Amino acid sequence: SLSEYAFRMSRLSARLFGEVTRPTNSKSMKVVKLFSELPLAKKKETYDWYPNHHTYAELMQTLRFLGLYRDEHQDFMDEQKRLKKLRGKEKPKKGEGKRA
Amino acid sequence: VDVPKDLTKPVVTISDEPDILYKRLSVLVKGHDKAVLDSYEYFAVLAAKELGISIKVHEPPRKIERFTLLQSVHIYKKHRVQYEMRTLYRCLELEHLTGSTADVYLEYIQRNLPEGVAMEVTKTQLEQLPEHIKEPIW
Amino acid sequence: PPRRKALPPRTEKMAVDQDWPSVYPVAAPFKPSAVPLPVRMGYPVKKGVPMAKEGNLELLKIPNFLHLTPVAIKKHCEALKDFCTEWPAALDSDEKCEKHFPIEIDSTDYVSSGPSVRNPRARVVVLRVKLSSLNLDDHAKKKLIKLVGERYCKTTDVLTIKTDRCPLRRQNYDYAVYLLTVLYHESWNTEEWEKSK
Amino acid sequence: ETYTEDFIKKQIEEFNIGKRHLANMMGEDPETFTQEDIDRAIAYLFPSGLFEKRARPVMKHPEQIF
Amino acid sequence: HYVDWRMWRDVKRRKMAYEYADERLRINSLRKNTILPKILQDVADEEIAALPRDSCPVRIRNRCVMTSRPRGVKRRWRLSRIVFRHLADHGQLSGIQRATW
Amino acid sequence: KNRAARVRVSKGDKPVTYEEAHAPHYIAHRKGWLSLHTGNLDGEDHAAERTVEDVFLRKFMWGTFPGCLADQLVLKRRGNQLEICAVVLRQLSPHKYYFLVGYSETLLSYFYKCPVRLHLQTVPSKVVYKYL
Amino acid sequence: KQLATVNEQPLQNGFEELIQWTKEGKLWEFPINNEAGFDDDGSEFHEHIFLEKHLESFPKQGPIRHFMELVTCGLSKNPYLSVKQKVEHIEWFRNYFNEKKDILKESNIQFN
Amino acid sequence: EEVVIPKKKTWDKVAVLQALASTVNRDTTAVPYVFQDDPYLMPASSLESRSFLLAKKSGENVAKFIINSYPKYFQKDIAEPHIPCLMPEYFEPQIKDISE
Ligand SMILES: [Mg+2]
Ligand SMILES: [Mg+2]
C-alpha cells in the first residue's frame, strides 16, 4: 500500500538509520529483538538476585570465633544444645544410630 | 592571633582550548521530604546569585506511588495494609553558563546534595554546524 | 578510680561572635555538644515539652544545613569565582544563540547514592537543529523531511535526532553528528528513482 | 517532671545566649533578631517535612514552651 | 548457609542459566525465524532441548531473599510481603510510609 | 487488633524511647526514617541492594557493640559515602570504643567498597520518652 | 617512603579527609560523571554500529546472508555488549554453519 | 560578526575542595579533628590523646589483618569506578615453578 517513491524512500531511511533493509516478516523480526537486548538470564537482577549468603554467614561466623562479633542468636542455641546433653537428648552418631 | 600568614591557593590554569557553552542547565532534584528541598533550593539559589549565574526555580507536580499488601500472615484477604512513596520535585533552571562555570557550580551543589535527595542535570550545549555540512560534496 | 566523667559540652566555650563556618566546615551529623542552640524536637507528651537535643534521635535523623549557613555560602562562593569563566556578552538573547550556534546537544547526568555511579540513562544524546539554519534548497528540504519522518516537527521546524545505540555518551554524540552529516548529503543527492514521484 | 522556678530561669538564660548564636550563624544583627526570624532560621538549618508541626524542631522562649 | 534447600536449588538454577545464556540465545535465534531451512531449524530444536534442564530460564523463581517465600514477593525489594512490612513498619525503608487518602 | 511495631501498655513501668513509642502510622507524621537513600525515589535503581546493606549493618553494629547501643541506628548515604550515626552508652571504656570505631570503619569499607564513617553520640543512660 | 613520613600529619578538618579520599580514589570525583572509569576499549561509534565487515566470510547472498544481516542489525542496536562480545556472536555463527555445511548443501545453500 | 569564546579553565580534581578548605580556619574550641567530637570520647590529657589514636590504629590494624587473612569474604567488587585500594592484598608468591 505504498508508492514506488514512498517505498524506496522508506528503504533509504532504513539504511541511513541502521534499520532492517530487506523485507522481513514479524516472525523473523524476533531475531533482531533477541540480539538488541541482554537475555533475561544475563541481567544483573537475575543472576545477582540473592545476596551471597555464604559470604555473610561465613564472615560473621569467623568474626564470632575471633571474639569481635557477639551472636546473641547463636549463643541462645548453644545454651539450648548444651542443656540437651545434660538431659540426655544428644545427637546420635551417624550410621551407628538407633535403627539398623 | 594564631592565623595562617599565607594560604596556598589551588592552581587554576587557563587553557588554550575554547570553553563549552551551555544554553541551559536543568537541575531536577527529587526528595521524599519537602522541607529538605526548600533548604536545598535556598542554598542552590544563593550560590548561583553569588557566582553571577542566572537561576529560575519552579516546582514540578509531585508523584505518589501507592501499593497494597496483605495485613495478616495467613488468610484474611479482606484486610490490607497500603503503603506509599512520595516523590517531590524542585527544578532549578540555569541559563547562559560556560563549561567552567557549570563544572564549578555543579560540583559545589552536588557535593552538598543532602542524603535522600537525587539529582538529574540536563545540560543543553550550544554547538556549531559540522565542517562537512557547510556545503554539499555532490 | 571512679567512672570516667564526660567533660562539659564545648558549646559553653563558644563566643557569641565566633566564626561558625569553622565549627561546621563540611556536612556532618547533628552533634548536640557542638551546636550552641537550645533546639528541641519531638511530639510532646501531655503537659510535656519537646524532647531536649541531647540523645534526641529525631534531630539526628534530619539532614541539617549547619554547614551551609548564609555566611558560609557567601565565603565559599568568593573562593570559587576564580574557577568561573565569563559568558560571551555577544550572546545576549536566545535568538542570537541560535544564529551563531544552531545545533543543541542535550545530555543528562544522574546523581544517586550508592557504591556504583553507573546509570544506563546517561548514555542518551539528543541533537536538535532547525532546518532553516541548514543550507537546504527546495528539493533537499523536501527529501530530508521525508527521510527523517516523525523526527521533524513542522510547527517548530526542528529536527530531533536521539541516539542511544552505543555504550558511551561520546559514541552516541559522534553518531548523532554523523547521522546529521549523511542526512544532509544524502538529501542533496538526486536519484533516478525520484522521478517516479 | 516538675519545672521549678530556678530551672525556668536557667532555661531563659540559655534561650538568650542561643538566640545570639543563631543570629551570628545567619549573619544578622543579634539585637533585631525576632521570633519570626528564629523560626525561619531553624526551618532552614533543621529541615523537617513531618506533617505534624508539633513534631518539628522548635526554638521558642521557655515561657511559651513549658 | 542459604535459607533452605529450595533457595539453594534456585541459586544453582540462576548460576547455570547465566552460564548457558549466550549458547541458548544463539541457538534460539536459529529457531525463531522463517529464513533458514527447516532441516537446519530441526537440528537446532534438538540442540537446545539437549542442554541441561536447569539452564532453562523459565525454571527460575523470584523467592524472598530473606525468608525464601516463593509468593507475595515485591520485585523492587525482593522481599516477601511479611518481611517488607516488618522493615517498613519500623521506619527502616527510606521514604516508605503508610498510605492514607 | 493491629500488632505491627506497637509497644503495648503495661503497668506504667516500662521505659520506651521516642521511636518505640510511635506506631507505624506515624512514620511520616511524628517520627522520621532511620535510613535515607535514593533507591526508593521514583525512577531510581538498586533499592534491593540498599535494603540488604541496611539489614546487615544493623545486625553487624548490634553484635559489634554488645550492650552499648542506646537506640536504633541512623543510616545516611550521600553519593559514595556511608554514614552510620549511633547513640551509645557511657559504660564501655573510651579505648575500647576507639578500637571498635577504627575496626568497624575499616572492615565495612572493604566489605561494601565505599568510604564508611561511624559517628558515635554518648548518653549517660537510655533516653526515656514515656513510661508505658 | 621516608620523605613521605616527614611531611605526614593527621587530618586537620573534614575537607582534608575528603581530599585524601579523592586522591586515594575512594571518593567519587565531582561533578558526577556516570561513565567515570569505564571505557569500552576506546571503541569508536562506527565499530559498534557497522558490523558488516565481519560478515565477509559468509555467503554474499542467500538465506544465511539475510539471517546474518538481521543478527548484525540487532547487535548494532545493543548498547550492553562490547565490540568484543558482538564479534564473538558472529564468530560462533561462522563455526556453526561450517559444521552444518552438509545440511546446508542438502538445502541447496552454499556456505564457504 | 565574530563572537569570542572564553578560554577553558582546567584545574585538578581536588582544586575545588582545596578552595573551600582555605576559607575555614582552625576551631579553637574543638580538639583535633581525628578524635571523636563527643564529651565522653574527647581526649582529656596529652596521654589520652596518644592512647586514643593508638587504640584507633590498633582497630584498623585488626581489621586489615582479618581482611588479608580471609580475602574470599571481601572479593565482591560492587564499586563503580573500581577502587583498587579497598581490595584485599595478596602477599604470598603465586608462581610455584623454580625459575629465574
Ligand atoms: Mg515461573
Ligand atoms: Mg483491622
# chains A, B, ... in the order shown; residues from 1 in each chain; ligands from 1

$ residues_near_ligand --ligand "ligand 1" --cutoff "10 Å" --atoms "only C-alpha atoms and all ligand atoms" --output "JSON, numbers by chain"
{"E": [57, 58, 59, 60, 61, 62]}

$ interface_residues --of "chain B" --to "chain F" --cutoff "10 Å" --atoms "only C-alpha atoms" --output "PyMOL selection string"
chain B and resi 30-33+63-65+71-72+85-88+110-119

$ write_last_selection --atoms "N, CA, C and O atoms" --output "short mmCIF file (atom, residue, chain, number, x, y, z; two decimals), in the first residue's frame"
data_model
loop_
_atom_site.label_atom_id
_atom_site.label_comp_id
_atom_site.auth_asym_id
_atom_site.auth_seq_id
_atom_site.Cartn_x
_atom_site.Cartn_y
_atom_site.Cartn_z
N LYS B 30 15.01 15.33 43.38
CA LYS B 30 13.91 14.55 43.93
C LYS B 30 14.15 14.31 45.41
O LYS B 30 15.29 14.15 45.84
N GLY B 31 13.07 14.28 46.18
CA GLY B 31 13.18 14.01 47.60
C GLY B 31 11.86 13.57 48.18
O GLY B 31 10.79 13.91 47.67
N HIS B 32 11.94 12.78 49.26
CA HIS B 32 10.73 12.40 49.99
C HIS B 32 10.24 13.53 50.88
O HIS B 32 9.04 13.59 51.19
N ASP B 33 11.13 14.42 51.30
CA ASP B 33 10.81 15.49 52.24
C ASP B 33 10.80 16.82 51.51
O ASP B 33 11.72 17.12 50.74
N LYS B 63 4.70 13.16 42.73
CA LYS B 63 4.26 11.83 42.32
C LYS B 63 4.16 10.95 43.55
O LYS B 63 5.11 10.84 44.33
N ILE B 64 2.99 10.32 43.74
CA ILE B 64 2.75 9.41 44.85
C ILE B 64 2.47 8.03 44.28
O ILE B 64 1.52 7.85 43.50
N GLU B 65 3.29 7.06 44.66
CA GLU B 65 3.15 5.67 44.21
C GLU B 65 2.63 4.84 45.38
O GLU B 65 3.31 4.72 46.41
N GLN B 71 -2.54 -7.87 55.24
CA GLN B 71 -2.24 -7.44 56.60
C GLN B 71 -1.84 -8.61 57.49
O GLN B 71 -0.95 -8.48 58.33
N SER B 72 -2.49 -9.76 57.32
CA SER B 72 -2.20 -10.94 58.12
C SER B 72 -1.20 -11.85 57.42
O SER B 72 -0.98 -11.76 56.21
N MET B 85 4.96 5.87 48.50
CA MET B 85 6.23 6.58 48.40
C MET B 85 5.98 7.90 47.69
O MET B 85 5.59 7.90 46.51
N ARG B 86 6.21 9.01 48.38
CA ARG B 86 6.00 10.34 47.82
C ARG B 86 7.31 10.87 47.25
O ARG B 86 8.35 10.83 47.93
N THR B 87 7.26 11.34 46.01
CA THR B 87 8.41 11.95 45.35
C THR B 87 8.08 13.40 45.03
O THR B 87 7.22 13.68 44.19
N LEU B 88 8.76 14.32 45.70
CA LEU B 88 8.62 15.74 45.46
C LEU B 88 9.78 16.23 44.60
O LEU B 88 10.87 15.66 44.61
N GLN B 110 26.40 19.51 43.98
CA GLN B 110 26.29 18.05 44.06
C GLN B 110 26.97 17.52 45.31
O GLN B 110 26.47 16.58 45.95
N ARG B 111 28.12 18.10 45.68
CA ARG B 111 28.79 17.68 46.91
C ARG B 111 27.94 17.98 48.14
O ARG B 111 28.04 17.29 49.15
N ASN B 112 27.09 19.01 48.06
CA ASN B 112 26.21 19.38 49.16
C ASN B 112 24.80 18.84 48.98
O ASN B 112 23.85 19.37 49.57
N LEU B 113 24.63 17.80 48.17
CA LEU B 113 23.32 17.21 47.98
C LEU B 113 22.96 16.40 49.22
O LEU B 113 23.67 15.44 49.55
N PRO B 114 21.90 16.75 49.95
CA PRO B 114 21.63 16.08 51.22
C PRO B 114 21.16 14.65 51.02
O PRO B 114 20.55 14.30 50.00
N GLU B 115 21.44 13.82 52.02
CA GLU B 115 21.06 12.41 51.97
C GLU B 115 19.56 12.27 51.72
O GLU B 115 18.74 12.97 52.32
N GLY B 116 19.21 11.35 50.84
CA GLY B 116 17.83 11.13 50.45
C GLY B 116 17.34 11.99 49.31
O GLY B 116 16.14 11.97 49.01
N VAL B 117 18.22 12.74 48.66
CA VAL B 117 17.86 13.64 47.57
C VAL B 117 18.67 13.24 46.34
O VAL B 117 19.90 13.13 46.41
N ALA B 118 17.99 13.03 45.22
CA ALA B 118 18.62 12.70 43.96
C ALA B 118 18.68 13.93 43.06
O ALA B 118 18.07 14.97 43.34
N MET B 119 19.43 13.80 41.96
CA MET B 119 19.59 14.89 41.01
C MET B 119 19.62 14.33 39.59
O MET B 119 20.12 13.24 39.35
#

$ select_by_dssp --residues "region 55-98 of chain C" --states "helix (DSSP H, G or I)" --output "number ranges by chain"
C: 57-61, 70-83, 94-98

$ residues_around --residues "residue 9 (chain B)" --least-positions-apart "5" --cutoff "8 Å" --atoms "only C-alpha atoms" --output "ChimeraX atom specification"
/H:18-19,22

$ closest_residue --among "H:70, H:40, H:11, H:65" --to "chain B" --atoms "only C-alpha atoms"
H:11

$ closest_atom_pairs --of "chain B" --to "ligand 2" --cutoff "12 Å" --atoms "only C-alpha atoms and all ligand atoms" --output "JSON lines"
{"residue": "B:70", "atom": "CA", "partner": "ligand 2", "partner_atom_place_in_ligand_line": "1 (Mg)", "distance": 11.3}
{"residue": "B:71", "atom": "CA", "partner": "ligand 2", "partner_atom_place_in_ligand_line": "1 (Mg)", "distance": 8.3}
{"residue": "B:72", "atom": "CA", "partner": "ligand 2", "partner_atom_place_in_ligand_line": "1 (Mg)", "distance": 9.7}
{"residue": "B:76", "atom": "CA", "partner": "ligand 2", "partner_atom_place_in_ligand_line": "1 (Mg)", "distance": 10.2}
{"residue": "B:77", "atom": "CA", "partner": "ligand 2", "partner_atom_place_in_ligand_line": "1 (Mg)", "distance": 11.5}
{"residue": "B:78", "atom": "CA", "partner": "ligand 2", "partner_atom_place_in_ligand_line": "1 (Mg)", "distance": 9.5}
{"residue": "B:79", "atom": "CA", "partner": "ligand 2", "partner_atom_place_in_ligand_line": "1 (Mg)", "distance": 6.5}
{"residue": "B:80", "atom": "CA", "partner": "ligand 2", "partner_atom_place_in_ligand_line": "1 (Mg)", "distance": 8.3}
{"residue": "B:81", "atom": "CA", "partner": "ligand 2", "partner_atom_place_in_ligand_line": "1 (Mg)", "distance": 9.2}
